[PDB]
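Take this structure, written in structure tokens, and hold onto it; I'll ask about it next.
Neighbour counts run over all protein chains shown; Cβ positions are idealised from the backbone, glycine included. Here, each number is a calculation from the coordinates, and none is a lab measurement.
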Amino acid sequence: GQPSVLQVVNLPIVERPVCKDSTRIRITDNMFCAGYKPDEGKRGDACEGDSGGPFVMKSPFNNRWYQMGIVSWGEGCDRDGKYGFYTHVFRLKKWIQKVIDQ
Amino acid sequence: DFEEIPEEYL
Amino acid sequence: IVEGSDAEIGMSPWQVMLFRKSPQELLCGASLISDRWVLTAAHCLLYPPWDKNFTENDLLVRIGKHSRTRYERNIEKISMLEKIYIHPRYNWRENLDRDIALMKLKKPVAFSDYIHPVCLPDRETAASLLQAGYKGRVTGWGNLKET
Amino acid sequence: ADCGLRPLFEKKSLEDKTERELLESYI
Ligand SMILES: N=C(N)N1CC=C(CCNC(=O)[C@@H]2C[C@@H]3CC[C@@H](O)C[C@@H]3N2C(=O)[C@@H](Cc2ccccc2)NC(=O)[C@H](O)Cc2ccccc2)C1
Ligand SMILES: *[C@@H]1O[C@H](CO)[C@@H](O)[C@H](O)[C@H]1NC(C)=O
Ligand code: NA
Ligand code: NA
């Protein structure tokens, strides 16, 4: 039930129309969803306890890791037809910079 | 089941 | 993480564990973005419907970890929080809109092979990488299964 | 200014076991 060490999983970003149609919760531009669709075969998803963690991507241009999202919510965990929703970090970057600049 | 952490960390 | 795999050592040096003091338990994951700032989800710190309203003194952040439960002596670093900042418009009433929060560490954390900050994207970075089909990576010490 | 570069990987020019999967998706 609980892992002994840090877990990792790579997941594809999903089209907005699909994210929206997978849930009853109102999606906003400050969110994005990721995960494999039922017919893709592969699985994987964040879950309870992962909350707050990072969704990162490695740039093929400068080879640095960037945090694009924060594990936020989801209906169940790794259910077919459902996806993981993440806070859109860039969309909220002005606030981030405002706080740090203090 | 978390191992105790040093007392210095409150 | 469900249907994932064991992370490699030093694979995610920006991964942070939000640790609850008492009872000593994992609270949430988080990320290191500088020597004194940690990013996490707002609902990890504040969620009135459940009467959750953590204050700086209720928790600690453990950085440089790999093992979930053990105290990784000579590897992990434990910091105390100076201040918590929750997005003023975080919508806990409805859909967790703007689910984001920052935590300033009391003292800067020393970087190492296991402790290093992640970058935050700029417009062009977000625009070019945040596209359907493109894959990102998620990490954490959460449930391996839904139930 | 060294954000995103892992001491045990990029800094040493070593790749982790699945980062290539991410690169491959960025078509
Ligand atoms: N990436 C994934 N999958 N995840 C999941 C968890 C995370 C990270 C953890 N984050 C969460 O758990 C957040 C916190 C939020 C407030 C406290 C509590 O009410 C649970 C609510 N969450 C959900 O995801 C809701 C959906 C929701 C979204 C927005 C506003 C209100 C509700 N899901 C469920 O309640 C059950 O999963 C439903 C359920 C499913 C199956 C069985 C019983 C009940 C990311
Ligand atoms: C959370 O608790 C703090 C400290 O007691 C208080 O100032 C703040 O108003 C509370 N917020 C909510 C939503 O309860
Ligand atoms: Na819908
Ligand atoms: Na799914």
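Can you give the Rg/Rh ratio of chain A, where Rg is from the C-alpha atoms and Rh is the Kirkwood radius?
Value, to two decimals: 0.98.
Any idea what the dipole of segment C:29-147 comes to, in debye rounded to 20, about its Cα centre with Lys/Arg Cβ at +1 and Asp/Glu Cβ at -1?
Computed charge dipole of segment C:29-147: roughly 260 debye.
Rounded to the nearest 20 Debye, what is the dipole magnitude of chain A about its Cα centre when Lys and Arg each give +1 and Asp and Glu each give -1 at the C-beta?
With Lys and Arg at +1 and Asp and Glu at -1, about 400 debye.
Relative to a virtual label point 7 Å from the Cα of C:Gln24 in the Cα→beta-carbon direction, which members of segment C:69-104 show backbone nitrogen distances below 12 Å?
Correct set: C:69-72.
Read phi for every residue in segment C:61-69 and hand back ³J(HN,Hα) as whole Hz from Karplus 6.51 cos²θ - 1.76 cosθ + 1.60, θ = phi - 60°, with x for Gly and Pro.
Ordered by residue, 3J(HN,Hα) equals 10, 10, 10, x, 7, 9, 6, 5, 8 Hz.
With springs only between Cα atoms under 10 Å, which of C:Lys135, C:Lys52, C:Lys77 fluctuates most in a Gaussian network model of chain C?
Ranking C:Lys135, C:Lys52, C:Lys77 by mean-square fluctuation puts C:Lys135 first.
In the protein assembly as shown, which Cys residues have no partner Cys with a Cβ closer than 4.7 Å?
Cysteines of the protein assembly as shown left without a disulfide-compatible partner: none whatsoever.
Spelling out what I want: for every residue of segment C:31-43, take phi, set θ = phi - 60°, compute 6.51 cos²θ - 1.76 cosθ + 1.60 (Karplus), and round to whole Hz; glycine and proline get x.
With the stated coefficients, segment C:31-43 comes to 9, 8, 10, 5, 5, 9, 10, 10, 9, 7, 8, 4, 5 Hz.
Here is a follow-up. Which ³J(HN,Hα) values, rounded to whole Hz and listed in residue order, are derived for segment A:30-47 from phi using the Karplus coefficients 6.51, -1.76 and 1.60 in 6.51 cos²θ - 1.76 cosθ + 1.60 with θ = phi - 60°, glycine and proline given as x?
Ordered by residue, 3J(HN,Hα) equals 8, 9, 7, 10, 9, x, 7, 7, x, 7, 8, x, 4, 10, x, 5, 7, 6 Hz.
Using alpha-carbon pairs under 8 Å, 6+ residues apart, how would you state the relative contact order of chain C in percent?
Dividing the mean separation by the residue count of chain C yields 30 percent.
Could you give the distance between the Cα centres of segment C:81-107 and segment A:1-57, to the whole Å?
Computed from Cα coordinates, the inter-centre distance equals 21 Å.
Now a separate question. Check A:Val89: other-chain or 5+ apart residues with amide H under 5 Å from its amide H, H built from backbone geometry?
Distant-sequence amide H within range of A:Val89: A:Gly69, A:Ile70.
To continue, here is another question. Rounded to the nearest 500, what is the 222 nm mean residue ellipticity of chain A from helices alone, with -39500 (n - 2.57) per DSSP H run of 4+ residues and division by all residues?
Estimated from H runs of four or more residues: -4000 deg cm²/dmol.
Can you give the charge dipole size of the protein assembly as shown about its Cα centre, rounded to the nearest 20 debye, using +1 on the beta carbon of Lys and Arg and -1 on the beta carbon of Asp and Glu?
760 debye
Between segment C:115-139 and chain D, what is the C-alpha centre distance in whole Å?
12 Å
Sorted from fewest to most neighbouring beta carbons within 10 Å, what does the list C:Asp99, C:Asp122 look like?
C:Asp122, C:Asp99
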